[PDB]
Amino acid sequence: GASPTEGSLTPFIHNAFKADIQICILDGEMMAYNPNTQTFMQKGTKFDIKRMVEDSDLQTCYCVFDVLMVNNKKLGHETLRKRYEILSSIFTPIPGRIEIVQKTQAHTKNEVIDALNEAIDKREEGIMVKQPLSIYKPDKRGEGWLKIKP
DNA sequence: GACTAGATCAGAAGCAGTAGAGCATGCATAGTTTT
């Protein structure tokens with residue numbers, strides 16, 4: 001949906017943005033949410049989030065992890081911490097339709113292994129790590145973002 | 001996931017052939033009238 005009147009995810013989150021924010025760019029991941037369990041349907045069997053069938057009870061959820069512009073302010077060159085803080089003041093999350101990915105501060109390896117073990121326990125792919133001072137470099141790989149899997 | 005292509009079956013329309021009905025033409029004969 002390109003307008004609040006008609007869409008599959010936008011008609012519900014039109015009014016989820018604080019009044020001050022008028023121009024806003026966000027980056028995130030789109031996934032499928034099962035409400036009867038209140039759990040995210042892991043990608044794979046029984047559904048594709050690209051061409052979901054209307055009759056299905058599953059719905060679309062947007063998990064945000066970055067902001068690149070708010071009220072004609074260019075946040076590309078700022079540090080990750082600042083972008084996170086500004087992101088916290090964009091929308092009031094409304095579970096099931098738009099959310100912010102939680103990030104935990106960690107400064108030891110035991111924490112990383114604990115997180116990976118817990119992720120495997122919750123049947124997730126893995127865990128990723130972000131450098132607090134990393135800048136957004138479009139199209140580049142392995143600059144401030146790292147991923148870890150079993 | 002959305003979309004299309006090819007195979008399959010049935011339904012319906014067109015055409016062929018037959019049977020049944022109706023309408024002209026003749027004439028065969030008898031009946032009636034005239035001389």
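Residues numbered from 1 in each chain as written, not as in the entry; some residues may be left out. Chains lettered and ligands numbered in written order. Part of a larger assembly, values for the part shown. Heavy atoms only, no water. Residues with missing side-chain atoms left out of burial classes, pairs and counts.

The record lists cryo-EM as the method behind this PDB entry and 3.3 Å as its resolution.

**Thoughts on the side chain of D66**
The residue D66 is located in strand 3 (residues 59-70) in this model. Exposure remark for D66: the relative accessible area of 2% places this residue in the buried category. A polar contact is formed between the side chain of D66 and the side chain of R83, at a distance of 2.9 Å. With near-sequence residues (within four places) excluded, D66 lies in contact with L26, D27, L80, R83, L87, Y136 and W145. (Helix = DSSP H or I, 4+ residues; strand = E, 2+ residues; numbered from the N terminus. Buried < 20%, exposed > 50% of the residue type's maximum accessible area, 1.4 Å probe, protein only. Polar contact = N/O pair within 3.5 Å; in protein donor to acceptor, adjacent residues only side chain to side chain. Contact = heavy atoms within 4.5 Å.)

**Some thoughts on the sheet that holds strand 3**
In space, the four strands of this open sheet follow the order 2-1-3-4, with mixed pairing throughout. Both edges of this open sheet fall to strand 2 (39-41) and strand 4 (98-100), since each of them pairs with a single strand only. Going across the sheet, the axis of each strand differs from the next one's by a mean of 55°, ignoring polarity. For strand 1 (residues 24-34) and strand 3, the ladder comprises ten bridges, and the chain directions are antiparallel. In the sheet register, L26 faces strand 3, and the bridge partner there is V67. Contacts from helix 2 (residues 80-88) reach strand 1, strand 3 and strand 4, with the element oriented near 120° to strand 3. (Pairing = 2+ DSSP bridges. Axes fitted to C-alpha atoms, helices over the stretch in contact; angles between N-to-C directions.)

**A short note on helix 3 (residues 109-121)**
Owing to its 3.6 residues per turn, the α-helix brings residues three or four apart onto one side. The first and last C-alpha atoms of helix 3 sit 18 Å apart over 13 residues, in line with the 18 Å expected at 1.5 Å per residue. Looking one or two places after helix 3, you find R123, whose phi comes out positive at around 55°. (Expected span 1.5 Å × (residues − 1).)

**Regarding the environment of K147**
Here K147 lies in strand 6 (residues 145-148). Look at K147 and you get exposed, because its relative accessible area is 57%. Linking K147 and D57, residues 90 residues apart in sequence, is a C-alpha distance of 32 Å. Excluding anything up to four places from it in sequence, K147 contacts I127 and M128.

**Some thoughts on unusual backbone geometry**
Its identity is not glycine, yet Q38 carries a phi of approximately 65°, on the positive side. In this fold, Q38 is placed in the loop between strand 1 and strand 2. Residues other than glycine seldom take positive phi values, yet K46 does so here, at roughly 80°.

**Structural notes on the environment of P95**
Relative to the assigned elements, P95 resides in the loop between helix 2 and strand 4. C-alpha of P95 to C-alpha of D114: the two residues are 19 residues apart in sequence and 26 Å apart in space.

**Brief notes about the pattern of salt bridges**
The full count for this structure, using the stated rule, is four salt bridges. The partner of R83 in a salt bridge is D66, with the nearest N and O atoms 2.9 Å apart. One end of the pair, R83, is in helix 2; the other, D66, is in strand 3, and 17 residues separate them in sequence. Here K73 ties to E78 by a salt bridge, and the two come within 3.6 Å at their closest N and O atoms. You can call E78 buried: its relative accessible area is 11%. (Salt bridge = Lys/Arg side-chain N within 4 Å of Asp/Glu carboxyl O.)

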